[PDB]
$ cat query23.txt   # compact mmCIF, C-alpha atoms and all ligand atoms
# COMPACT_ATOMS: atom_id res chain seq x y z
CA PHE A 364 -11.02 21.92 6.49
CA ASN A 365 -12.12 18.32 5.74
CA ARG A 366 -9.28 16.16 7.07
CA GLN A 367 -10.88 13.40 4.99
CA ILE A 368 -9.03 14.58 1.86
CA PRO A 369 -5.43 13.54 2.75
CA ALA A 370 -6.60 10.26 4.23
CA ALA A 371 -8.77 9.56 1.19
CA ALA A 372 -5.92 10.14 -1.26
CA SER A 373 -3.50 8.12 0.88
CA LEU A 374 -5.89 5.18 1.00
CA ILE A 375 -6.19 5.14 -2.76
CA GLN A 376 -2.49 5.73 -3.25
CA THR A 377 -1.52 2.90 -0.94
CA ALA A 378 -4.13 0.54 -2.36
CA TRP A 379 -2.85 1.17 -5.89
CA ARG A 380 0.84 0.95 -4.92
CA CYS A 381 0.00 -2.40 -3.32
CA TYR A 382 -1.83 -3.51 -6.48
CA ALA A 383 0.76 -2.23 -8.97
CA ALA A 384 3.64 -3.90 -7.09
CA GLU A 385 2.24 -7.32 -8.09
CA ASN A 386 3.41 -6.50 -11.64
CA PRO A 387 7.25 -6.56 -11.40
CA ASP A 388 7.69 -4.25 -14.43
CA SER A 389 5.40 -1.52 -13.05
CA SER A 390 6.68 2.05 -13.06
CA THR A 391 6.03 1.94 -9.29
CA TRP A 392 9.34 0.07 -8.92
CA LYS A 393 11.26 3.13 -10.17
CA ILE A 394 10.70 5.16 -6.98
CA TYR A 395 13.56 3.65 -4.91
CA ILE A 396 16.17 5.92 -6.43
CA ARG A 397 18.58 5.15 -3.57
CA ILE A 503 18.95 1.46 -4.59
CA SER A 504 21.35 0.75 -7.46
CA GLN A 505 20.18 -2.61 -8.82
CA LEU A 506 16.80 -3.63 -7.41
CA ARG A 507 17.33 -7.27 -6.40
CA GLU A 508 14.62 -9.77 -5.52
CA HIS A 509 15.17 -9.44 -1.78
CA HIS A 510 14.33 -5.74 -2.02
CA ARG A 511 11.06 -6.61 -3.79
CA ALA A 512 9.94 -9.06 -1.10
CA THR A 513 10.44 -6.46 1.69
CA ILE A 514 8.90 -3.68 -0.40
CA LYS A 515 5.71 -5.68 -0.84
CA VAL A 516 5.44 -6.36 2.91
CA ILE A 517 5.94 -2.67 3.71
CA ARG A 518 3.38 -1.61 1.09
CA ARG A 519 0.83 -4.00 2.56
CA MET A 520 1.59 -2.63 6.04
CA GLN A 521 1.25 0.96 4.79
CA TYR A 522 -2.07 0.17 3.10
CA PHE A 523 -3.54 -1.18 6.36
CA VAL A 524 -2.37 1.98 8.18
CA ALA A 525 -3.98 4.22 5.54
CA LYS A 526 -7.17 2.18 5.77
CA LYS A 527 -7.10 2.77 9.55
CA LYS A 528 -6.59 6.54 9.34
CA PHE A 529 -9.31 6.83 6.69
CA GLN A 530 -11.85 5.00 8.83
CA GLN A 531 -10.82 7.22 11.76
CA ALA A 532 -11.72 10.32 9.70
CA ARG A 533 -15.26 9.09 9.09
CA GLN B 4 -6.45 -20.58 -0.37
CA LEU B 5 -2.64 -20.62 0.27
CA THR B 6 -0.12 -22.82 -1.51
CA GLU B 7 2.77 -24.48 0.24
CA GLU B 8 4.90 -22.24 -1.98
CA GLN B 9 3.15 -19.00 -0.98
CA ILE B 10 3.72 -19.77 2.68
CA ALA B 11 7.38 -20.48 1.92
CA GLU B 12 7.87 -17.17 0.08
CA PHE B 13 6.20 -15.50 3.08
CA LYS B 14 8.57 -17.26 5.47
CA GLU B 15 11.56 -16.05 3.43
CA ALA B 16 10.04 -12.55 3.57
CA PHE B 17 9.65 -12.87 7.34
CA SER B 18 13.33 -13.85 7.66
CA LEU B 19 14.47 -10.62 5.97
CA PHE B 20 12.88 -8.50 8.73
CA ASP B 21 13.76 -10.85 11.61
CA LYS B 22 17.49 -10.16 11.34
CA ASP B 23 18.37 -11.45 14.81
CA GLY B 24 16.35 -14.60 14.13
CA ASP B 25 14.31 -14.73 17.35
CA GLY B 26 11.08 -15.23 15.37
CA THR B 27 9.57 -11.79 16.05
CA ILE B 28 9.87 -8.46 14.23
CA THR B 29 10.39 -5.39 16.42
CA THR B 30 9.84 -1.77 15.39
CA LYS B 31 13.60 -1.31 15.22
CA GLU B 32 14.01 -4.25 12.87
CA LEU B 33 11.39 -2.73 10.56
CA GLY B 34 13.08 0.68 10.66
CA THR B 35 16.33 -0.93 9.53
CA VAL B 36 14.62 -2.58 6.56
CA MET B 37 12.85 0.62 5.57
CA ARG B 38 15.99 2.75 5.74
CA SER B 39 17.76 0.19 3.56
CA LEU B 40 15.15 0.98 0.88
CA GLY B 41 15.87 4.71 1.17
CA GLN B 42 12.93 5.42 3.46
CA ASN B 43 13.26 7.54 6.60
CA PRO B 44 10.39 6.54 8.89
CA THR B 45 9.75 7.97 12.34
CA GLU B 46 9.19 5.87 15.46
CA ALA B 47 5.46 6.62 15.28
CA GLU B 48 5.15 5.49 11.65
CA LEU B 49 6.84 2.24 12.62
CA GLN B 50 4.52 1.84 15.59
CA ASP B 51 1.46 2.48 13.41
CA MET B 52 2.73 -0.19 11.01
CA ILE B 53 3.29 -2.71 13.79
CA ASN B 54 -0.01 -2.10 15.61
CA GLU B 55 -2.03 -2.90 12.48
CA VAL B 56 -0.38 -6.36 12.28
CA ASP B 57 0.25 -7.28 15.96
CA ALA B 58 -2.75 -9.36 17.05
CA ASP B 59 -1.97 -10.21 20.71
CA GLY B 60 -0.68 -6.77 21.70
CA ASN B 61 2.97 -7.40 22.62
CA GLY B 62 4.26 -4.73 20.21
CA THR B 63 6.17 -7.25 18.06
CA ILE B 64 5.09 -9.40 15.08
CA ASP B 65 5.59 -13.18 14.99
CA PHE B 66 5.26 -15.32 11.88
CA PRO B 67 1.60 -16.36 12.43
CA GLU B 68 0.67 -12.66 12.62
CA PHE B 69 2.83 -11.81 9.60
CA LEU B 70 1.22 -14.64 7.65
CA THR B 71 -2.25 -13.54 8.74
CA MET B 72 -1.47 -10.06 7.41
CA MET B 73 0.13 -11.22 4.14
CA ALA B 74 -2.78 -13.58 3.44
CA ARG B 75 -5.64 -11.20 4.30
CA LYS B 76 -7.75 -11.29 1.11
CA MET B 77 -7.66 -7.49 0.64
CA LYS B 78 -10.31 -7.53 -2.09
CA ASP B 79 -13.62 -8.79 -0.75
CA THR B 80 -12.69 -8.02 2.88
CA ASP B 81 -15.09 -5.03 2.85
CA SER B 82 -12.17 -3.09 1.36
CA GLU B 83 -13.95 -2.33 -1.91
CA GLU B 84 -16.37 0.06 -0.21
CA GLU B 85 -13.72 2.02 1.73
CA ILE B 86 -11.80 2.69 -1.50
CA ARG B 87 -15.08 3.77 -3.13
CA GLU B 88 -15.78 6.04 -0.15
CA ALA B 89 -12.24 7.32 -0.65
CA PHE B 90 -12.88 8.06 -4.32
CA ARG B 91 -16.26 9.69 -3.45
CA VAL B 92 -14.41 12.34 -1.40
CA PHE B 93 -13.24 13.85 -4.71
CA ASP B 94 -16.40 13.09 -6.78
CA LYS B 95 -18.15 16.48 -6.53
CA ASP B 96 -21.28 15.37 -8.41
CA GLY B 97 -21.96 11.79 -7.55
CA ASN B 98 -20.82 11.20 -11.15
CA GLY B 99 -19.08 7.94 -10.26
CA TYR B 100 -16.49 9.51 -12.56
CA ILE B 101 -13.46 11.66 -11.96
CA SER B 102 -11.51 13.60 -14.57
CA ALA B 103 -8.10 12.20 -15.40
CA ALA B 104 -6.75 15.68 -14.76
CA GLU B 105 -8.37 15.98 -11.33
CA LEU B 106 -7.11 12.48 -10.50
CA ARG B 107 -3.54 13.37 -11.48
CA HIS B 108 -3.70 16.47 -9.29
CA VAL B 109 -4.99 14.58 -6.24
CA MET B 110 -2.61 11.62 -6.73
CA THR B 111 0.54 13.65 -7.47
CA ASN B 112 0.00 16.54 -5.07
CA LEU B 113 -1.70 15.09 -1.96
CA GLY B 114 -1.23 12.21 0.45
CA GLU B 115 1.60 9.86 -0.49
CA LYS B 116 2.39 11.94 -3.61
CA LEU B 117 2.88 9.44 -6.43
CA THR B 118 5.30 9.87 -9.30
CA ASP B 119 4.11 11.17 -12.63
CA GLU B 120 5.12 7.82 -14.17
CA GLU B 121 2.91 6.05 -11.62
CA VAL B 122 -0.05 8.33 -12.34
CA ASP B 123 0.38 7.48 -16.04
CA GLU B 124 -0.18 3.75 -15.42
CA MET B 125 -3.08 4.45 -13.08
CA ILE B 126 -4.82 6.82 -15.51
CA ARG B 127 -4.04 4.58 -18.50
CA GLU B 128 -5.44 1.38 -16.99
CA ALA B 129 -8.46 3.16 -15.52
CA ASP B 130 -9.60 5.29 -18.48
CA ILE B 131 -11.30 2.33 -20.16
CA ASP B 132 -12.83 4.59 -22.85
CA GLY B 133 -9.84 6.93 -23.30
CA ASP B 134 -11.65 10.29 -23.10
CA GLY B 135 -10.28 11.66 -19.80
CA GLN B 136 -13.06 10.52 -17.42
CA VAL B 137 -12.36 7.39 -15.35
CA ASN B 138 -15.15 5.62 -13.49
CA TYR B 139 -13.66 4.69 -10.17
CA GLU B 140 -16.06 1.85 -9.36
CA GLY B 141 -14.64 -0.11 -12.27
CA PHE B 142 -11.11 0.76 -11.23
CA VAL B 143 -11.88 -0.45 -7.70
CA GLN B 144 -12.98 -3.80 -9.12
CA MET B 145 -9.80 -3.97 -11.18
CA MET B 146 -7.56 -3.46 -8.15
CA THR B 147 -9.52 -6.26 -6.43
CA CA A 601 13.86 -10.16 15.75
CA CA A 602 2.73 -10.50 18.47

$ encode --input "query23.txt" --output "structure tokens" --more "lines below"
Ligand SMILES: [Ca+2]
Ligand SMILES: [Ca+2]
Amino acid sequence: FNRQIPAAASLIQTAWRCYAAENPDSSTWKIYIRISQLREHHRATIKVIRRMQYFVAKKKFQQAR
Amino acid sequence: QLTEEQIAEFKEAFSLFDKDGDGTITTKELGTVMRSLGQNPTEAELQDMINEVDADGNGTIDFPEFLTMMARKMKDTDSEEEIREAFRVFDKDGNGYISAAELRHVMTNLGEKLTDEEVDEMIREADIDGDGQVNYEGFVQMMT
């Protein structure tokens, strides 16, 4: 009932994760538990992936509208 | 719009996905990066990611496409309204406002499921007045 709810949340969540990752001391950087010392090459790939995931969540939100 | 330094950081970013160095990023290259970060994507996730960036349709991403993506001004690019429309899904009044508690529920328990630490920053930056009701149209402007 209302598939717009998961897509809505995911669009906001990805938009904010993309925004917060511009601050390199954000708590959003703590979620990669499986990496020991977050180096700067991790951060460059993480920001690309987050941008890619935001554009996907944008797509699936538009699709549910 | 784009510095010579921004393009260079983007080229270094492109190099970290293009392991083989052929100048394109395949879905399998992206899955290797994502698993190195502790993610476990499926082939369809990776294809969804690639199809949003691939402009010609070959199923792989070259540096012009990667740069087009990384430099898309996600702020005025009609994105503000879709995030509003996203927030409106949970605004059961038209209030333009959403309780901090409702927000924490939706953010922590649905969709991507954010961490409680992450929902602290979000709620903290967005509750301008500090009474437990955030107005999402101001938060939208802040993210953009
Ligand atoms: Ca390659
Ligand atoms: Ca291509």

$ residues_near_ligand --input "query23.txt" --ligand "ligand CA 602 (chain A)" --cutoff "9 Å" --atoms "only C-alpha atoms and all ligand atoms" --output "mmCIF file with C-alpha atoms, in the frame of the given file"
data_model
loop_
_atom_site.group_PDB
_atom_site.id
_atom_site.type_symbol
_atom_site.label_atom_id
_atom_site.label_comp_id
_atom_site.auth_asym_id
_atom_site.auth_seq_id
_atom_site.Cartn_x
_atom_site.Cartn_y
_atom_site.Cartn_z
ATOM 1 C CA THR B 27 9.570 -11.790 16.050
ATOM 2 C CA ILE B 28 9.870 -8.460 14.230
ATOM 3 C CA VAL B 56 -0.380 -6.360 12.280
ATOM 4 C CA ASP B 57 0.250 -7.280 15.960
ATOM 5 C CA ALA B 58 -2.750 -9.360 17.050
ATOM 6 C CA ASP B 59 -1.970 -10.210 20.710
ATOM 7 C CA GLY B 60 -0.680 -6.770 21.700
ATOM 8 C CA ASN B 61 2.970 -7.400 22.620
ATOM 9 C CA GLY B 62 4.260 -4.730 20.210
ATOM 10 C CA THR B 63 6.170 -7.250 18.060
ATOM 11 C CA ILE B 64 5.090 -9.400 15.080
ATOM 12 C CA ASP B 65 5.590 -13.180 14.990
ATOM 13 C CA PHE B 66 5.260 -15.320 11.880
ATOM 14 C CA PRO B 67 1.600 -16.360 12.430
ATOM 15 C CA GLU B 68 0.670 -12.660 12.620
ATOM 16 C CA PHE B 69 2.830 -11.810 9.600
#

$ interface_residues --input "query23.txt" --of "chain A" --to "chain B" --cutoff "9 Å" --atoms "all atoms listed in the file" --output "ChimeraX atom specification"
/A:367-380,382-383,389-391,393-397,503,509-510,512-514,516-517,519-521,523-524,526-527,529-530

$ residues_near_ligand --input "query23.txt" --ligand "ligand CA 601 (chain A)" --cutoff "7 Å" --atoms "all atoms listed in the file" --output "list in words"
residues 21, 22, 23, 24, 25, 26, 27, 28, 29 and 32 of chain B

$ atom_distance --input "query23.txt" --atom1 "atom CA of residue B:108" --atom2 "atom CA of residue A:518"
22.0 Å

$ atom_distance --input "query23.txt" --atom1 "atom CA of residue A:515" --atom2 "atom CA of residue A:385"
8.2 Å

$ build_atoms --input "query23.txt" --residues "stretch 84-104 of chain B" --atoms "N, CA and C atoms" --output "compact mmCIF listing (two decimals), keeping the file's coordinate frame"
# COMPACT_ATOMS: atom_id res chain seq x y z
N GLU B 84 -15.55 -1.11 -0.52
CA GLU B 84 -16.37 0.06 -0.21
C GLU B 84 -15.53 1.21 0.35
N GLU B 85 -14.51 0.93 1.17
CA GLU B 85 -13.72 2.02 1.73
C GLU B 85 -12.93 2.75 0.64
N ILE B 86 -12.46 2.03 -0.38
CA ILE B 86 -11.80 2.69 -1.50
C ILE B 86 -12.82 3.50 -2.32
N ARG B 87 -14.02 2.96 -2.52
CA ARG B 87 -15.08 3.77 -3.13
C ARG B 87 -15.32 5.04 -2.32
N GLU B 88 -15.59 4.88 -1.02
CA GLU B 88 -15.78 6.04 -0.15
C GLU B 88 -14.61 7.00 -0.25
N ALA B 89 -13.40 6.46 -0.45
CA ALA B 89 -12.24 7.32 -0.65
C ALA B 89 -12.37 8.08 -1.96
N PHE B 90 -12.68 7.37 -3.05
CA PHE B 90 -12.88 8.06 -4.32
C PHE B 90 -14.02 9.09 -4.23
N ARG B 91 -15.12 8.76 -3.55
CA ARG B 91 -16.26 9.69 -3.45
C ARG B 91 -15.90 11.03 -2.81
N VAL B 92 -14.86 11.08 -1.98
CA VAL B 92 -14.41 12.34 -1.40
C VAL B 92 -14.10 13.38 -2.48
N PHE B 93 -13.64 12.94 -3.65
CA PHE B 93 -13.24 13.85 -4.71
C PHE B 93 -14.22 13.86 -5.88
N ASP B 94 -15.33 13.12 -5.78
CA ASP B 94 -16.40 13.09 -6.78
C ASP B 94 -17.46 14.11 -6.38
N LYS B 95 -17.30 15.34 -6.89
CA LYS B 95 -18.15 16.48 -6.53
C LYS B 95 -19.45 16.54 -7.33
N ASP B 96 -20.09 15.39 -7.58
CA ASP B 96 -21.28 15.37 -8.41
C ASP B 96 -22.10 14.14 -8.09
N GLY B 97 -21.44 13.13 -7.52
CA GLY B 97 -21.96 11.79 -7.55
C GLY B 97 -21.68 11.06 -8.84
N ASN B 98 -20.95 11.69 -9.78
CA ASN B 98 -20.82 11.20 -11.15
C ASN B 98 -20.39 9.74 -11.23
N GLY B 99 -19.81 9.19 -10.16
CA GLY B 99 -19.08 7.94 -10.26
C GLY B 99 -17.85 8.04 -11.12
N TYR B 100 -17.58 9.23 -11.65
CA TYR B 100 -16.49 9.51 -12.56
C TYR B 100 -15.62 10.60 -11.95
N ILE B 101 -14.36 10.61 -12.36
CA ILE B 101 -13.46 11.66 -11.96
C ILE B 101 -12.55 11.95 -13.14
N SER B 102 -12.37 13.23 -13.46
CA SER B 102 -11.51 13.60 -14.57
C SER B 102 -10.12 13.02 -14.37
N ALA B 103 -9.49 12.61 -15.47
CA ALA B 103 -8.10 12.20 -15.40
C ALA B 103 -7.23 13.32 -14.86
N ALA B 104 -7.55 14.56 -15.22
CA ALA B 104 -6.75 15.68 -14.76
C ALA B 104 -6.91 15.89 -13.26
